[PDB]
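According to the authors' numbering, the stretch in the sequence shown is residues 31 to 396, in order.
Each residue gets a CB set at the ideal place from its N, CA and C atoms; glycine is no exception.
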Amino acid sequence: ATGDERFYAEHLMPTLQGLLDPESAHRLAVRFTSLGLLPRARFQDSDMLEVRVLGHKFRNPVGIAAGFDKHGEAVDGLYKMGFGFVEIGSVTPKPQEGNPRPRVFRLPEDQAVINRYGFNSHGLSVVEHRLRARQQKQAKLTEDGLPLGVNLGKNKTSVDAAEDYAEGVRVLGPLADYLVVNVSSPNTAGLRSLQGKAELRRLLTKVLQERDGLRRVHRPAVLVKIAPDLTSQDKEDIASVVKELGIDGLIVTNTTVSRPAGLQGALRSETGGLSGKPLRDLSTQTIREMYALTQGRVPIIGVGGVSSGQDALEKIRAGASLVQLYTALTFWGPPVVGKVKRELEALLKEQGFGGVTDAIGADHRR
Ligand SMILES: Cc1cc2nc3c(=O)[nH]c(=O)nc-3n(C[C@H](O)[C@H](O)[C@H](O)COP(=O)(O)O)c2cc1C
Ligand SMILES: CC(=O)O[C@@H](C)/C(C)=C/CC/C(C)=C/Cc1c(O)c(Cl)c(C)c(C=O)c1O
Ligand SMILES: O=C(O)c1cc(=O)[nH]c(=O)[nH]1
């Protein structure tokens with residue numbers, strides 16, 4: 031049940047959201063997290079939540095998705111919250127402002143958010159120095175089952191997308207357990223076209239060459255993060271390229287540019303990517319498809335609308351080895367992490383799984 035879950039979800043978060051504009055709230059959340067001003071994460075991770083994937087041990091399979099800690103300011107606070115892994119970014123090569131404010135919108139009636147941040151980023155150099163300041167602390171955390179992902183973007187005005195990603199691999203690759211080639215932001219003109227077969231093969235060949243050129247101890251896994259809005263053709267092409275090139279994994283999915291029938295929020299027709307509950311099943315179905323297309327041989331990090339243990343287990347059974355959440359944190363606060371983990375453990379036991387690993391892709395074997 032938990033007292034603070036109820037307190038954060040029913041009282042504290044909705045009260046604070048009533049007082050603070052969305053981006054002000056985001057900024058305050060990053061600040062509070064970075065300072066460790068967080069409730070006591072009392073959930074002890076059980077052995078049945080441990081997952082071995084991407085050349086690493088993950089103490090639990092619940093991560094924070096990209097876009098919360100864009101500039102790597104709150105990594106340690108996020109582990110304190112009870113996340114099994116942290117992904118920072120997206121980070122662009124040069125600093126850039128992103129879109130004019132306002133650029134984030136709450137849809138409380140839908141338990142959703144729409145954002146059009148447009149890759150606001152401190153840039154590679156700032157983030158590099160921030161990560162270097164805690165590099166050995168991270169090495170110990172990783173060893174202890176708490177890996178770090180770095181999500182790479184491209185600048186708005188760059189004339190060579192592949193070179194932007196290559197720069198990211200060179201600069202932040204040595205500080206990351208895994209890198210994410212984010213070709214699925216809905217908020218950068220032309221970006222999602224990099225998901226097309228020919229463009230993706232060329233781009234990923236260059237990214238993988240740059241990764242392979244790093245020293246062994248500094249050589250991260252490379253994942254591609256994909257949209258929920260892809261055609262069947264697009265998904266077939268991505269699966270083919272992933273297998274051809276030996277891409278280490280997929281992150282499924284980014285936000286949607288669709289607006290599902292039934293959205294109630296006043297701000298439903300704002301431009302941007304939609305996240306949270308209305309994305310959940312679209313993301314789950316995309317995980318399911320990508321798992322089948324890759325014959326279950328390519329690790330998937332499942333993301334989109336995870337707010338409960340059931341949501342997490344649905345993505346795991348569809349083929350995810352790990353899951354992430356973001357929007358649920360914005361509505362329910364830090365206790366949501368312990369909630370998801372406790373519920374997930376209980377459901378695994380109820381469905382006769384020895385642990386998370388046993389449940390990965392279970393629906394495909396029914
Ligand atoms: C405000 C906001 C900013 C985001 N920024 C990024 C980003 O910089 N890079 C990225 O790959 N995904 C970004 N995302 C997408 C999330 O990583 C995630 O894929 C998506 O929100 C679905 O998960 P959720 O429903 O749990 O939020 C962002 C999402 C939100 C809501
Ligand atoms: C769990 C959390 O997000 O932050 C904790 C540390 C907290 C007590 C934050 C206070 C400020 C609030 C109410 C933040 C909620 C919120 C939001 O309301 C919105 Cl709209 C966004 C985009 C974010 C992005 O992180 C967001 O955190
Ligand atoms: O910076 C953003 O606008 C952004 C990037 C991304 O990958 N996904 C998203 O929803 N927003």
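Under 6 angstroms Cβ to Cβ from residue i, same chain only, skipping five residues before and after it: list those, please.
i	result
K345	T314, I317, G332 and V353
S188	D194
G107	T63, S64 and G66
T357	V143, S305 and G306
Is any non-hydrogen atom of ligand 2 found closer than 7 angstroms to the C-beta of residue i, if you look at the structure I gave you?
i	result
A59	yes
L378	no
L355	no
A95	no
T301	no
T316	no
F113	no
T285	no
residue 30	Examination of residue 30 is not possible in this model, given that the chain is present from 31 through 396 alone.
residue 13	No statement about residue 13 is possible, as the shown extent of the chain runs from 31 to 396 and does not include it.
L50	yes
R136	yes
In the DSSP assignment, find the unbroken beta strand (DSSP E) run with residue i in it and report its ends.
i	result
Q166	Note, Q166: premise wrong, no beta strand (DSSP E); alpha helix (DSSP H) at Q165 to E173.
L209	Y208 to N212
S155	Unbroken run through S155 is the alpha helix (DSSP H), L154 to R162; no beta strand (DSSP E).
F135	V134 to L137
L205	No beta strand (DSSP E) holds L205; DSSP gives it neither H nor E.
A142	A142 to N145
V282	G279 to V282
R82	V81 to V83
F88	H86 to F88
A389	Per DSSP, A389 belongs to no beta strand (DSSP E); it is in the alpha helix (DSSP H), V386 to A389.
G302	Per DSSP, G302 belongs to no beta strand (DSSP E) and is neither H nor E.
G33	Where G33 is concerned, there is no enclosing beta strand (DSSP E), although the alpha helix (DSSP H) it sits in stretches over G33 to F37.
Can you give me the Cβ contacts of residue i inside the same chain, cut-off strictly under 7 angstroms, excluding the 5 residues immediately before and after it?
i	result
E139	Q294 and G295
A104	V60, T63 and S64
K110	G66, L68 and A71
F73	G112, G368, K371 and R372
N185	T122, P123, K124, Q126 and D194
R146	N129, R133, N217, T301 and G302
Leaving aside the five residues before and after residue i along the sequence, list all residues of the same chain whose C-beta is less than 8 angstroms from its C-beta, in chain order.
i	result
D190	none
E35	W362, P365, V366, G368 and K369
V121	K100, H101, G102, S151, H152, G153, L154, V157, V180, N181, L182, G183, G198 and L202
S76	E375
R162	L205
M320	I256, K265, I268, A269, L280, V282, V328, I330 and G349
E373	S338, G339, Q340 and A342
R89	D75, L79, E80, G114, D174, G175 and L176
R241	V199, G203, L209, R249, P250 and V252
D311	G335
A55	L46, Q47 and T360
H41	none
Under DSSP, the alpha helix (DSSP H) around residue i begins and ends at which residues?
i	result
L50	Taken as a continuous stretch (DSSP letters only), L50 belongs to no alpha helix (DSSP H), as it is neither H nor E.
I268	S262 to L275
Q239	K227 to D242
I346	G339 to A348
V105	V105 to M111
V328	First-last for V328: undefined, no H or E at that position.
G119	Where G119 is concerned, there is no enclosing alpha helix (DSSP H), although the beta strand (DSSP E) it sits in stretches over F115 to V121.
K379	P365 to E380
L359	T357 to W362
At a threshold of 7 angstroms, does residue i count as lining ligand 1 (C-beta to nearest heavy atom)?
i	result
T261	no
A358	yes
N145	yes
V157	no
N212	yes
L309	yes
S54	no
Below 7 angstroms, is the gap between the Cβ of residue i and the nearest heavy atom of ligand 3?
i	result
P216	yes
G128	yes
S188	no
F149	yes
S288	no
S313	no
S223	no
| message | With three or more beta-carbon pairs closer than 8 angstroms as the criterion, would you say the stretch 376-394 touches the stretch 58-65? | response | no
| request: Inspect the CB distances between the stretch 177-191 and the stretch 115-130 and report whether three or more fall short of 8 angstroms. | output: The stretch 177-191 and the stretch 115-130 touch, with no fewer than 3 CB-CB distances between them shorter than 8 angstroms.
| query | Any contact of the stretch 149-166 with the stretch 126-140, i.e. 3+ C-beta pairs under 8 angstroms? | reply | yes
| task | Could you tell me whether the stretch 296-307 touches the stretch 229-237, using the rule of 3 or more Cβ pairs below 8 angstroms? | result | No, because fewer than three Cβ pairs between the stretch 296-307 and the stretch 229-237 fall closer than 8 angstroms, the two stretches do not touch.
| With a cut-off of 8 angstroms, do at least 3 Cβ pairs link the stretch 280-295 to the stretch 235-244? | The stretch 280-295 makes no contact with the stretch 235-244: fewer than 3 CB pairs, one atom from each, lie closer than 8 angstroms.
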